[PDB]
Amino acid sequence: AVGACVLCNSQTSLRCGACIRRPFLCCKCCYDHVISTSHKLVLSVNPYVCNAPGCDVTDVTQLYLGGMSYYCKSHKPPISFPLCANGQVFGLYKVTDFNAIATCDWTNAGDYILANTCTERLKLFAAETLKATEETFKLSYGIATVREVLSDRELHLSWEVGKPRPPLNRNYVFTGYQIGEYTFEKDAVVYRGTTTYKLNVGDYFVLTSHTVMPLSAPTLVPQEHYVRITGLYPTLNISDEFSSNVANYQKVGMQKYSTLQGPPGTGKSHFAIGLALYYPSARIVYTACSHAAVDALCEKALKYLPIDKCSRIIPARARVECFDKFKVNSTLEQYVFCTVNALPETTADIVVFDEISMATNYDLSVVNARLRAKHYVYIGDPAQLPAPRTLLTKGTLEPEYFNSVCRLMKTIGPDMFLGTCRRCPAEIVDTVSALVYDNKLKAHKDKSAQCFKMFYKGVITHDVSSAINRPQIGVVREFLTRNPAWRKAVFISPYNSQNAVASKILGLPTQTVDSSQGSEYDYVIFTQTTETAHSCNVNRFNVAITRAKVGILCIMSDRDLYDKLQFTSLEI
Ligand SMILES: [Zn+2]
Ligand SMILES: [Zn+2]
Ligand SMILES: [Zn+2]
C-alpha cells in the first residue's frame, strides 16, 4: 500500500477508495481530488474511517488524526490534527482533468476528448478507468437461455426479465455454458459458435466480462530524432517495387517512432512488408487489434518474405479462424504476426502497429509494455473507423481523439503520407480526397464511369434499433435486372438488419461498413439506409465508397453526402 502518485509521481500511502481503479494519490493531489469531487474515501495501510466503535464517518474531510488513529469531529480527542489541512491529506512522505476522468461515466464525447488531451500518466488512468467501466457495464445486460434449437445455425432464446437486451450483432460476442464463444443475428435468431457444439436446450449465454489489468507503459514512448539510421542496416540491392518508399524507410530508422497515414489502397501493407526487405536483418513484430488486420499483413508477407522466418501467434483461447500458412506460436522467428491482446513479452528492431484508427490508448500502452523496440511504426488512417465505444451515446468522437497516434496525425500531421490511391476509380478518390483528405489524395486510376448515385429516402423500419430501408433494397433489385455485371457486387450498408434483408431479397454477399474496412471488391452497392449520425459519419462514408475497385452504386438518404458524391446521378 505504498506506490507512486498517478498525477505528480510523489511516493504516498494514499489511494482513492471511491475511484474504481483506486489510484495512488500524493498528499497534495489527494486533497485537490477529495475537496472537488464526491470522492471522500481515502485508503492507506488502514482505511481513513472513524476508529471509534460503531461510527460510520468515512468522509476524509470530516476526519482527524487522534494520536495514531483516525476519528470524526464527534469522536476526536482534544489534541488532534484535521486530515484535510493547508491543501493536503495526512499521509507518509508529505488535477481538474484527473477529477473529470475519475468521476465521468464515459457516455459523453468530452470524456474521450479529455482522456486524449490530458498528460501521459492521465491517459493510462483514463484508459484503465474507461475499460473497467465498459466491463462492469457488461454485467448489467440480461442472460439468454435456449428455449428451442431449430437448426445448426438457428434457435429461439429466453431472455432474463428486468435486465436490458444487448444489441444482437457481430460486435457483441457471448460465452455459452464453457461451450465456446457464440455470436447472434436477427422470433428466429442465427447462432454462430466458435465451436460446432450441439447447443443443448437449457444452456445459457453471457457477454464475457474480462479483468482490466493495470497499464504501466506510455501510449507513445518519448520521441527521439537521430542524425543517422540507428540499430538498422539498409540493403543497397532493393527491389524496384519498394523504390518509392526508400526515403520514408530511412525516416523510420532516424526516429524512435513514426506515423504513416495511408488512405484506402495507397500501399500501407506494401509499406509494412517493404520495411522488412529494406532492413533485411531487422527483427519485426507486426501487430494490430483485429485478427483480420494481422491476417492481411500475413498475406502480404507470404508474397515477399521467406515463410520459414514468419510466425503467426494465436492465443490458445481461439476466437475466430485466422492465417494458417506460417509456423504457429514460434515467438522467436524474425517476423512475428500477432494481435495486440496476444502479444508476448519480447524485443524487436522494428514494431509495426497496423490499422491505428481502431487502436485504443489501452492497446497503445499494452504494445509499449510487451514490446521493447529500437523503432515503432504506426500505420493507419484517422479518416477511417475507430474502435466502437459501447458506453459513448452523446456526441461523436472526432479522429483527433481516437488515440494518441491519431491525435498526432490530426494536429502536427503524420510523419509520412501515402498520397496516391491505386484501388479506386477517380470518382471515388476525388470525392474522399475533398471529403476527409484536404484534397491531398490523388487518383492513379481513371474515372470508371461505373460510379452512380441515386437520391432515394425510401422508408425506414427498425429491428429494435438496427435500421432497414426496404424501398432502397427495392431500387437496387430493379438496378440489378438492368446491370448484370453488378450481380457480383458486395452489398454494403451501415446496419446489420439492412444487410440481413439485402441478403434474402438480393442474394448478394453482405458487409456492414465497419466489417468492410481493410477489404476491396470490384463492385459495391451501398444503401445509406437512414440519415442518422451513424449513417452520415464522414469516416464511415469514406470507408463505404473506397471499398470499390471498378464500380459503386450509392442509394443515399442524406442530401449533403449525396451532393458531395462526384458520381453520375441515376433516375427513378
Ligand atoms: Zn500527486
Ligand atoms: Zn477518486
Ligand atoms: Zn466518529
# chains A, B, ... in the order shown; residues from 1 in each chain; ligands from 1
>>> residues_near_ligand(ligand="ligand 3", cutoff="6 Å", atoms="only C-alpha atoms and all ligand atoms", output="PyMOL selection string")
chain A and resi 50+52+55+57+71-72+74-75
>>> write_last_selection(atoms="N, CA and C atoms", output="PDB file, in the first residue's frame")
ATOM      1  N   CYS A  50     -13.521   6.523  10.900  1.00  0.00           N
ATOM      2  CA  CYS A  50     -13.536   6.827  12.352  1.00  0.00           C
ATOM      3  C   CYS A  50     -13.256   5.534  13.105  1.00  0.00           C
ATOM      4  N   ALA A  52     -13.429   5.029  16.257  1.00  0.00           N
ATOM      5  CA  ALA A  52     -14.415   4.922  17.361  1.00  0.00           C
ATOM      6  C   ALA A  52     -15.396   3.790  17.056  1.00  0.00           C
ATOM      7  N   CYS A  55     -19.074   3.930  14.702  1.00  0.00           N
ATOM      8  CA  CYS A  55     -19.129   5.215  13.959  1.00  0.00           C
ATOM      9  C   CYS A  55     -18.875   4.938  12.477  1.00  0.00           C
ATOM     10  N   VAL A  57     -18.359   7.398   9.879  1.00  0.00           N
ATOM     11  CA  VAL A  57     -17.779   8.570   9.155  1.00  0.00           C
ATOM     12  C   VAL A  57     -16.559   8.091   8.365  1.00  0.00           C
ATOM     13  N   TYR A  71     -10.343   9.732  13.761  1.00  0.00           N
ATOM     14  CA  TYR A  71     -11.669   9.993  14.384  1.00  0.00           C
ATOM     15  C   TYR A  71     -12.341  11.152  13.649  1.00  0.00           C
ATOM     16  N   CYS A  72     -13.673  11.150  13.627  1.00  0.00           N
ATOM     17  CA  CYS A  72     -14.510  12.269  13.119  1.00  0.00           C
ATOM     18  C   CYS A  72     -14.543  13.413  14.147  1.00  0.00           C
ATOM     19  N   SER A  74     -16.960  14.266  16.149  1.00  0.00           N
ATOM     20  CA  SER A  74     -17.750  13.789  17.319  1.00  0.00           C
ATOM     21  C   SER A  74     -16.933  12.879  18.252  1.00  0.00           C
ATOM     22  N   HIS A  75     -15.784  12.353  17.807  1.00  0.00           N
ATOM     23  CA  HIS A  75     -15.036  11.260  18.493  1.00  0.00           C
ATOM     24  C   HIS A  75     -13.565  11.631  18.678  1.00  0.00           C
TER      25      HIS A  75
END
>>> residues_near_ligand(ligand="ligand 1", cutoff="12 Å", atoms="only C-alpha atoms and all ligand atoms", output="mmCIF file with C-alpha atoms, in the first residue's frame")
data_model
loop_
_atom_site.group_PDB
_atom_site.id
_atom_site.type_symbol
_atom_site.label_atom_id
_atom_site.label_comp_id
_atom_site.auth_asym_id
_atom_site.auth_seq_id
_atom_site.Cartn_x
_atom_site.Cartn_y
_atom_site.Cartn_z
ATOM 1 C CA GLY A 3 3.027 3.344 -4.507
ATOM 2 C CA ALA A 4 3.544 6.438 -6.750
ATOM 3 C CA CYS A 5 1.035 9.328 -7.348
ATOM 4 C CA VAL A 6 -0.737 8.994 -10.799
ATOM 5 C CA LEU A 7 -0.595 12.861 -11.192
ATOM 6 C CA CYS A 8 2.901 14.031 -9.925
ATOM 7 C CA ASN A 9 4.621 10.637 -9.123
ATOM 8 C CA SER A 10 5.416 11.659 -5.437
ATOM 9 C CA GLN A 11 5.501 8.473 -3.241
ATOM 10 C CA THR A 12 2.437 8.047 -0.889
ATOM 11 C CA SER A 13 0.364 5.669 1.328
ATOM 12 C CA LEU A 14 -2.921 7.202 -0.060
ATOM 13 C CA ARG A 15 -5.173 5.582 -2.724
ATOM 14 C CA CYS A 16 -8.699 6.939 -3.570
ATOM 15 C CA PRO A 23 -5.119 5.179 -7.886
ATOM 16 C CA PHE A 24 -2.228 6.165 -5.537
ATOM 17 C CA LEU A 25 -2.598 9.964 -4.915
ATOM 18 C CA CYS A 26 0.027 12.111 -3.065
ATOM 19 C CA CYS A 27 -0.967 14.292 -0.033
ATOM 20 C CA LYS A 28 -1.322 17.453 -2.273
ATOM 21 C CA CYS A 29 -3.150 15.753 -5.237
ATOM 22 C CA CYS A 30 -5.381 13.508 -2.945
ATOM 23 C CA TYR A 31 -6.677 16.713 -1.216
ATOM 24 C CA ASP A 32 -7.441 18.545 -4.523
ATOM 25 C CA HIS A 33 -9.390 15.340 -5.610
ATOM 26 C CA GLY A 87 -4.173 21.787 0.800
ATOM 27 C CA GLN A 88 -3.041 18.249 1.910
ATOM 28 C CA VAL A 89 -4.402 14.882 3.254
ATOM 29 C CA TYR A 93 6.197 11.298 2.512
ATOM 30 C CA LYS A 94 4.210 14.614 2.972
ATOM 31 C CA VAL A 95 -5.996 17.596 -11.114
ATOM 32 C CA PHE A 98 -7.999 13.858 -13.185
ATOM 33 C CA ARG A 121 0.071 9.354 -16.975
ATOM 34 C CA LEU A 122 -3.609 10.554 -17.019
#
>>> residues_around(residues="residue 391 in chain A", least_positions_apart="2", cutoff="6 Å", atoms="only C-alpha atoms", output="PyMOL selection string")
chain A and resi 106-107+389
>>> write_last_selection(atoms="N, CA and C atoms", output="PDB file, in the first residue's frame")
ATOM      1  N   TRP A 106     -18.466   8.011 -18.988  1.00  0.00           N
ATOM      2  CA  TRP A 106     -17.915   7.643 -20.326  1.00  0.00           C
ATOM      3  C   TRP A 106     -19.041   7.529 -21.371  1.00  0.00           C
ATOM      4  N   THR A 107     -20.151   8.244 -21.161  1.00  0.00           N
ATOM      5  CA  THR A 107     -21.328   8.271 -22.068  1.00  0.00           C
ATOM      6  C   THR A 107     -21.214   9.480 -23.006  1.00  0.00           C
ATOM      7  N   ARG A 389     -16.987   2.555 -29.173  1.00  0.00           N
ATOM      8  CA  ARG A 389     -17.092   2.981 -27.746  1.00  0.00           C
ATOM      9  C   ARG A 389     -18.515   2.661 -27.271  1.00  0.00           C
TER      10      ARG A 389
END
>>> residues_near_ligand(ligand="ligand 2", cutoff="7 Å", atoms="only C-alpha atoms and all ligand atoms", output="PyMOL selection string")
chain A and resi 16-19+33+39+102
>>> residues_around(residues="residue 464 in chain A", least_positions_apart="6", cutoff="10 Å", atoms="only C-alpha atoms", output="ChimeraX atom specification")
/A:167-168,186,497
>>> write_last_selection(atoms="N, CA and C atoms", output="PDB file, in the first residue's frame")
ATOM      1  N   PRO A 167     -27.461  -5.447 -27.994  1.00  0.00           N
ATOM      2  CA  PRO A 167     -27.562  -5.483 -29.452  1.00  0.00           C
ATOM      3  C   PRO A 167     -27.062  -6.833 -29.995  1.00  0.00           C
ATOM      4  N   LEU A 168     -27.864  -7.497 -30.834  1.00  0.00           N
ATOM      5  CA  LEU A 168     -27.537  -8.829 -31.419  1.00  0.00           C
ATOM      6  C   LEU A 168     -26.872  -8.650 -32.788  1.00  0.00           C
ATOM      7  N   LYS A 186     -30.400 -11.359 -35.990  1.00  0.00           N
ATOM      8  CA  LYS A 186     -31.873 -11.422 -36.220  1.00  0.00           C
ATOM      9  C   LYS A 186     -32.142 -11.654 -37.714  1.00  0.00           C
ATOM     10  N   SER A 497     -29.196  -5.122 -39.906  1.00  0.00           N
ATOM     11  CA  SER A 497     -30.560  -5.594 -40.196  1.00  0.00           C
ATOM     12  C   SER A 497     -30.875  -5.223 -41.646  1.00  0.00           C
TER      13      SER A 497
END
>>> select_by_dssp(residues="range 1-120 of chain A", states="strand (DSSP E or B)", output="list in words")
residues 3, 4, 11, 12, 15, 16, 24, 42, 43, 47, 63, 64, 65, 66, 69, 70, 71, 72, 81, 82, 84, 85, 88, 89 and 108 of chain A
>>> write_last_selection(atoms="N, CA and C atoms", output="PDB file, in the first residue's frame")
ATOM      1  N   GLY A   3       2.747   3.182  -3.067  1.00  0.00           N
ATOM      2  CA  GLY A   3       3.027   3.344  -4.507  1.00  0.00           C
ATOM      3  C   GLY A   3       3.259   4.799  -4.871  1.00  0.00           C
ATOM      4  N   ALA A   4       3.227   5.109  -6.173  1.00  0.00           N
ATOM      5  CA  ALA A   4       3.544   6.438  -6.750  1.00  0.00           C
ATOM      6  C   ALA A   4       2.252   7.131  -7.200  1.00  0.00           C
ATOM      7  N   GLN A  11       5.845   9.704  -4.007  1.00  0.00           N
ATOM      8  CA  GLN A  11       5.501   8.473  -3.241  1.00  0.00           C
ATOM      9  C   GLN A  11       4.365   8.819  -2.263  1.00  0.00           C
ATOM     10  N   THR A  12       3.510   7.849  -1.906  1.00  0.00           N
ATOM     11  CA  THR A  12       2.437   8.047  -0.889  1.00  0.00           C
ATOM     12  C   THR A  12       1.872   6.712  -0.392  1.00  0.00           C
ATOM     13  N   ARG A  15      -4.343   5.878  -1.526  1.00  0.00           N
ATOM     14  CA  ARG A  15      -5.173   5.582  -2.724  1.00  0.00           C
ATOM     15  C   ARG A  15      -6.512   6.318  -2.560  1.00  0.00           C
ATOM     16  N   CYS A  16      -7.279   6.503  -3.643  1.00  0.00           N
ATOM     17  CA  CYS A  16      -8.699   6.939  -3.570  1.00  0.00           C
ATOM     18  C   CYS A  16      -9.596   5.702  -3.621  1.00  0.00           C
ATOM     19  N   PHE A  24      -3.151   5.474  -6.472  1.00  0.00           N
ATOM     20  CA  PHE A  24      -2.228   6.165  -5.537  1.00  0.00           C
ATOM     21  C   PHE A  24      -2.269   7.662  -5.856  1.00  0.00           C
ATOM     22  N   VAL A  42     -10.554   7.757   1.393  1.00  0.00           N
ATOM     23  CA  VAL A  42      -9.079   7.721   1.163  1.00  0.00           C
ATOM     24  C   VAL A  42      -8.529   6.485   1.878  1.00  0.00           C
ATOM     25  N   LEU A  43      -8.041   5.490   1.134  1.00  0.00           N
ATOM     26  CA  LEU A  43      -7.392   4.280   1.707  1.00  0.00           C
ATOM     27  C   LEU A  43      -5.913   4.594   1.975  1.00  0.00           C
ATOM     28  N   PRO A  47      -7.884   1.963   6.197  1.00  0.00           N
ATOM     29  CA  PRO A  47      -8.746   2.979   5.593  1.00  0.00           C
ATOM     30  C   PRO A  47      -8.878   4.198   6.519  1.00  0.00           C
ATOM     31  N   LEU A  63     -12.723  14.056   9.052  1.00  0.00           N
ATOM     32  CA  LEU A  63     -11.908  13.155   9.918  1.00  0.00           C
ATOM     33  C   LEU A  63     -10.629  13.855  10.393  1.00  0.00           C
ATOM     34  N   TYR A  64     -10.071  13.357  11.505  1.00  0.00           N
ATOM     35  CA  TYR A  64      -8.885  13.911  12.206  1.00  0.00           C
ATOM     36  C   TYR A  64      -7.968  12.764  12.648  1.00  0.00           C
ATOM     37  N   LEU A  65      -6.664  13.028  12.715  1.00  0.00           N
ATOM     38  CA  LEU A  65      -5.683  12.118  13.363  1.00  0.00           C
ATOM     39  C   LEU A  65      -5.663  12.393  14.877  1.00  0.00           C
ATOM     40  N   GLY A  66      -6.196  11.464  15.676  1.00  0.00           N
ATOM     41  CA  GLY A  66      -6.090  11.474  17.150  1.00  0.00           C
ATOM     42  C   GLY A  66      -4.968  10.563  17.610  1.00  0.00           C
ATOM     43  N   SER A  69      -4.477   7.047  15.435  1.00  0.00           N
ATOM     44  CA  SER A  69      -5.755   6.575  14.834  1.00  0.00           C
ATOM     45  C   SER A  69      -6.512   7.754  14.217  1.00  0.00           C
ATOM     46  N   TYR A  70      -7.653   7.470  13.595  1.00  0.00           N
ATOM     47  CA  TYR A  70      -8.481   8.462  12.868  1.00  0.00           C
ATOM     48  C   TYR A  70      -9.845   8.512  13.548  1.00  0.00           C
ATOM     49  N   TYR A  71     -10.343   9.732  13.761  1.00  0.00           N
ATOM     50  CA  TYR A  71     -11.669   9.993  14.384  1.00  0.00           C
ATOM     51  C   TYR A  71     -12.341  11.152  13.649  1.00  0.00           C
ATOM     52  N   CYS A  72     -13.673  11.150  13.627  1.00  0.00           N
ATOM     53  CA  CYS A  72     -14.510  12.269  13.119  1.00  0.00           C
ATOM     54  C   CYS A  72     -14.543  13.413  14.147  1.00  0.00           C
ATOM     55  N   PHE A  81      -5.274  16.634  14.810  1.00  0.00           N
ATOM     56  CA  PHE A  81      -4.988  17.389  13.561  1.00  0.00           C
ATOM     57  C   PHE A  81      -6.054  17.032  12.524  1.00  0.00           C
ATOM     58  N   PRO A  82      -6.659  17.997  11.790  1.00  0.00           N
ATOM     59  CA  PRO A  82      -7.632  17.653  10.751  1.00  0.00           C
ATOM     60  C   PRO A  82      -6.923  17.007   9.547  1.00  0.00           C
ATOM     61  N   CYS A  84      -7.564  16.820   6.477  1.00  0.00           N
ATOM     62  CA  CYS A  84      -7.539  17.824   5.381  1.00  0.00           C
ATOM     63  C   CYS A  84      -7.168  19.188   5.962  1.00  0.00           C
ATOM     64  N   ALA A  85      -5.935  19.639   5.716  1.00  0.00           N
ATOM     65  CA  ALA A  85      -5.405  20.936   6.197  1.00  0.00           C
ATOM     66  C   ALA A  85      -4.409  21.503   5.177  1.00  0.00           C
ATOM     67  N   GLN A  88      -3.640  19.614   1.833  1.00  0.00           N
ATOM     68  CA  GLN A  88      -3.041  18.249   1.910  1.00  0.00           C
ATOM     69  C   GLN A  88      -3.940  17.313   2.722  1.00  0.00           C
ATOM     70  N   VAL A  89      -3.797  16.008   2.484  1.00  0.00           N
ATOM     71  CA  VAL A  89      -4.402  14.882   3.254  1.00  0.00           C
ATOM     72  C   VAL A  89      -3.233  14.214   3.975  1.00  0.00           C
ATOM     73  N   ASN A 108     -20.276  10.396 -22.742  1.00  0.00           N
ATOM     74  CA  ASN A 108     -20.146  11.704 -23.438  1.00  0.00           C
ATOM     75  C   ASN A 108     -18.813  11.749 -24.167  1.00  0.00           C
TER      76      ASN A 108
END
>>> decode(residues="range 381-473 of chain A", atoms="C-alpha atoms", output="PDB file, in the first residue's frame")
ATOM      1  CA  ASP A 381      -5.803   6.426 -41.377  1.00  0.00           C
ATOM      2  CA  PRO A 382      -7.595   8.755 -38.927  1.00  0.00           C
ATOM      3  CA  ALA A 383     -10.179   9.241 -41.792  1.00  0.00           C
ATOM      4  CA  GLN A 384     -11.282   5.577 -41.323  1.00  0.00           C
ATOM      5  CA  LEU A 385     -13.228   3.959 -38.459  1.00  0.00           C
ATOM      6  CA  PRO A 386     -12.308   3.924 -34.734  1.00  0.00           C
ATOM      7  CA  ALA A 387     -12.955   1.055 -32.265  1.00  0.00           C
ATOM      8  CA  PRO A 388     -16.587   1.075 -31.075  1.00  0.00           C
ATOM      9  CA  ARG A 389     -17.092   2.981 -27.746  1.00  0.00           C
ATOM     10  CA  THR A 390     -20.020   0.873 -26.391  1.00  0.00           C
ATOM     11  CA  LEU A 391     -20.634   3.381 -23.480  1.00  0.00           C
ATOM     12  CA  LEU A 392     -20.432   6.549 -25.708  1.00  0.00           C
ATOM     13  CA  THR A 393     -24.034   7.662 -26.603  1.00  0.00           C
ATOM     14  CA  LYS A 394     -23.714  11.522 -26.514  1.00  0.00           C
ATOM     15  CA  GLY A 395     -21.658  13.374 -29.200  1.00  0.00           C
ATOM     16  CA  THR A 396     -19.336  11.957 -31.909  1.00  0.00           C
ATOM     17  CA  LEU A 397     -15.664  11.091 -31.272  1.00  0.00           C
ATOM     18  CA  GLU A 398     -13.601  13.118 -33.814  1.00  0.00           C
ATOM     19  CA  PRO A 399     -10.488  11.452 -35.396  1.00  0.00           C
ATOM     20  CA  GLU A 400      -8.000  13.565 -33.301  1.00  0.00           C
ATOM     21  CA  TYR A 401      -9.351  11.772 -30.122  1.00  0.00           C
ATOM     22  CA  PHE A 402      -9.340   8.117 -31.424  1.00  0.00           C
ATOM     23  CA  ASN A 403      -5.968   7.619 -29.598  1.00  0.00           C
ATOM     24  CA  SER A 404      -2.531   9.333 -29.179  1.00  0.00           C
ATOM     25  CA  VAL A 405      -1.263   8.337 -32.687  1.00  0.00           C
ATOM     26  CA  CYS A 406      -4.411   9.714 -34.460  1.00  0.00           C
ATOM     27  CA  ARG A 407      -4.126  12.895 -32.318  1.00  0.00           C
ATOM     28  CA  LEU A 408      -0.517  13.470 -33.510  1.00  0.00           C
ATOM     29  CA  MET A 409      -1.631  12.742 -37.127  1.00  0.00           C
ATOM     30  CA  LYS A 410      -4.531  15.286 -36.899  1.00  0.00           C
ATOM     31  CA  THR A 411      -2.558  18.078 -35.051  1.00  0.00           C
ATOM     32  CA  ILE A 412       1.167  18.086 -36.205  1.00  0.00           C
ATOM     33  CA  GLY A 413       0.362  15.840 -39.238  1.00  0.00           C
ATOM     34  CA  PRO A 414       1.665  12.288 -39.901  1.00  0.00           C
ATOM     35  CA  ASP A 415       5.473  11.749 -40.452  1.00  0.00           C
ATOM     36  CA  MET A 416       4.663  10.105 -43.843  1.00  0.00           C
ATOM     37  CA  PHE A 417       1.563  10.293 -46.154  1.00  0.00           C
ATOM     38  CA  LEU A 418       0.820   7.762 -48.990  1.00  0.00           C
ATOM     39  CA  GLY A 419      -0.731  10.271 -51.424  1.00  0.00           C
ATOM     40  CA  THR A 420      -1.829   8.097 -54.411  1.00  0.00           C
ATOM     41  CA  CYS A 421      -4.929   5.795 -54.260  1.00  0.00           C
ATOM     42  CA  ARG A 422      -4.256   2.812 -56.642  1.00  0.00           C
ATOM     43  CA  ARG A 423      -7.521   0.886 -55.812  1.00  0.00           C
ATOM     44  CA  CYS A 424     -10.376   3.288 -56.618  1.00  0.00           C
ATOM     45  CA  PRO A 425     -11.850   4.878 -59.754  1.00  0.00           C
ATOM     46  CA  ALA A 426     -11.187   8.668 -59.797  1.00  0.00           C
ATOM     47  CA  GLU A 427     -14.903   9.490 -58.991  1.00  0.00           C
ATOM     48  CA  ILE A 428     -14.430   7.897 -55.502  1.00  0.00           C
ATOM     49  CA  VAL A 429     -10.818   9.190 -54.990  1.00  0.00           C
ATOM     50  CA  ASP A 430     -11.872  12.814 -55.829  1.00  0.00           C
ATOM     51  CA  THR A 431     -14.962  12.508 -53.509  1.00  0.00           C
ATOM     52  CA  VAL A 432     -12.989  11.272 -50.418  1.00  0.00           C
ATOM     53  CA  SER A 433      -9.896  13.484 -51.269  1.00  0.00           C
ATOM     54  CA  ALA A 434     -12.168  16.561 -50.859  1.00  0.00           C
ATOM     55  CA  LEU A 435     -14.241  14.993 -48.006  1.00  0.00           C
ATOM     56  CA  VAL A 436     -11.562  13.841 -45.451  1.00  0.00           C
ATOM     57  CA  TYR A 437      -8.016  14.259 -47.027  1.00  0.00           C
ATOM     58  CA  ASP A 438      -7.992  18.094 -47.634  1.00  0.00           C
ATOM     59  CA  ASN A 439      -7.612  17.475 -51.446  1.00  0.00           C
ATOM     60  CA  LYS A 440      -4.227  15.667 -50.840  1.00  0.00           C
ATOM     61  CA  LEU A 441      -5.326  12.150 -52.063  1.00  0.00           C
ATOM     62  CA  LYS A 442      -4.536  11.630 -55.812  1.00  0.00           C
ATOM     63  CA  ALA A 443      -6.178   9.023 -58.127  1.00  0.00           C
ATOM     64  CA  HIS A 444      -3.947   6.603 -60.069  1.00  0.00           C
ATOM     65  CA  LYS A 445      -6.945   5.071 -61.969  1.00  0.00           C
ATOM     66  CA  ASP A 446      -9.109   6.981 -64.495  1.00  0.00           C
ATOM     67  CA  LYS A 447     -12.819   7.663 -63.764  1.00  0.00           C
ATOM     68  CA  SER A 448     -14.505   4.251 -64.358  1.00  0.00           C
ATOM     69  CA  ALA A 449     -17.859   5.802 -65.456  1.00  0.00           C
ATOM     70  CA  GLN A 450     -19.340   2.936 -63.299  1.00  0.00           C
ATOM     71  CA  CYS A 451     -19.864   5.053 -60.093  1.00  0.00           C
ATOM     72  CA  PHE A 452     -23.571   6.010 -59.725  1.00  0.00           C
ATOM     73  CA  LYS A 453     -25.621   7.840 -57.074  1.00  0.00           C
ATOM     74  CA  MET A 454     -29.384   7.861 -56.550  1.00  0.00           C
ATOM     75  CA  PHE A 455     -31.148  10.134 -54.020  1.00  0.00           C
ATOM     76  CA  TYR A 456     -33.906   7.854 -52.548  1.00  0.00           C
ATOM     77  CA  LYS A 457     -35.079   8.295 -48.866  1.00  0.00           C
ATOM     78  CA  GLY A 458     -37.443   5.276 -49.024  1.00  0.00           C
ATOM     79  CA  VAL A 459     -38.996   4.055 -45.737  1.00  0.00           C
ATOM     80  CA  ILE A 460     -37.070   3.315 -42.509  1.00  0.00           C
ATOM     81  CA  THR A 461     -38.256   0.412 -40.296  1.00  0.00           C
ATOM     82  CA  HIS A 462     -36.256  -0.772 -37.233  1.00  0.00           C
ATOM     83  CA  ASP A 463     -35.301  -4.249 -35.945  1.00  0.00           C
ATOM     84  CA  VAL A 464     -35.139  -2.863 -32.351  1.00  0.00           C
ATOM     85  CA  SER A 465     -32.548  -0.023 -33.024  1.00  0.00           C
ATOM     86  CA  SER A 466     -30.869  -1.534 -36.184  1.00  0.00           C
ATOM     87  CA  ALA A 467     -32.429   0.140 -39.280  1.00  0.00           C
ATOM     88  CA  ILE A 468     -33.932  -1.333 -42.531  1.00  0.00           C
ATOM     89  CA  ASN A 469     -34.891   0.501 -45.804  1.00  0.00           C
ATOM     90  CA  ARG A 470     -36.864  -1.955 -47.996  1.00  0.00           C
ATOM     91  CA  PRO A 471     -37.525   0.598 -50.786  1.00  0.00           C
ATOM     92  CA  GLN A 472     -33.697   1.277 -51.059  1.00  0.00           C
ATOM     93  CA  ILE A 473     -33.189  -2.532 -51.419  1.00  0.00           C
TER      94      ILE A 473
END
